[PDB]
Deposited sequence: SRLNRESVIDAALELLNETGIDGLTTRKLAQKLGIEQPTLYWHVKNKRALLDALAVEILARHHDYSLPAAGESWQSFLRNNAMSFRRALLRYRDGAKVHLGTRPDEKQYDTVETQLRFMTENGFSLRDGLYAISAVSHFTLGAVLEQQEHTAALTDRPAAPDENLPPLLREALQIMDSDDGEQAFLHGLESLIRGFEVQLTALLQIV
């Protein structure tokens, strides 16, 4: 097959979706691509390189709300950005796992700079703006992680107390979206309390 950047990543995304993060071995990638391993090594040195590139491409493909609308409130931007990030992370098997620990790629610099600048323009110190964005990112990654990994575990592997029993029905009543959106509102409002408080005790 074609071994340009785009096609290697396509194939790796396919292989990820088919077999998860453990299936992504340079060995199985060579098979999908129809090549020998030294051929693949010329293009792709190791799993880390591959994963870093997949993380960027997952957002290029499916992260459709990466910048604020004109005059958009910071609350609304974080909300829309979070839902977009969640969507993108859920579109491939183990995609959140792929994203973990990545730092912004050079291709993403202008976008992440604008996000950070936008927060400071709305009254946050750089630090407080970053802690908000971070918290949103972290909560969204955890929520997605937990969902994706739960589904995996249900393909592999009775005296419940009553509240737990009900709580289990509730979590499993949708894909996680209800709990995620409730949490996201809580988070955004907590940032707001913090921001508006200025130097007052809060």
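Compare the deposited sequence with the modelled residues and state the ranges that are missing C-alpha positions.
-> Model skips only 158-162 of the deposited chain.
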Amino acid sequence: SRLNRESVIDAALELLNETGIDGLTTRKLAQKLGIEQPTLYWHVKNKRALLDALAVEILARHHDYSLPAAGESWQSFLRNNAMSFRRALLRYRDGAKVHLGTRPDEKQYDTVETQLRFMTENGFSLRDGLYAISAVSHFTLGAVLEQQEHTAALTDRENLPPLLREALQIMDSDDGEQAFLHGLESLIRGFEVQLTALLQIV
From here on, numbers count along this sequence of modelled residues.
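Please report whether at least a third of the other compared entries leave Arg157 without coordinates.
-> Yes, a third or more of the compared structures omit it.
Mean CA B-factor: is it higher for 15-23 or for 188-196?
-> Per the PDB record, 15-23.
Residue range whose averaged C-alpha B-factor is higher in the record, 132-140 or 30-38 = Per the deposited B-factors, the answer is 30-38.
Which has the highest CA B-factor per the PDB entry: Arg79, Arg86, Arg103, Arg127?
-> That would be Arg103, according to the entry.
Say you rank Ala53, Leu145, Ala70, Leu163 by Cα B-factor from the PDB entry; which sits at the top?
-> Largest recorded C-alpha B-factor: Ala70.
Relative C-alpha B-factor of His43, binned into the chain's lowest, middle or highest third = Ranked within chain, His43 CA B lands in the lowest tercile.
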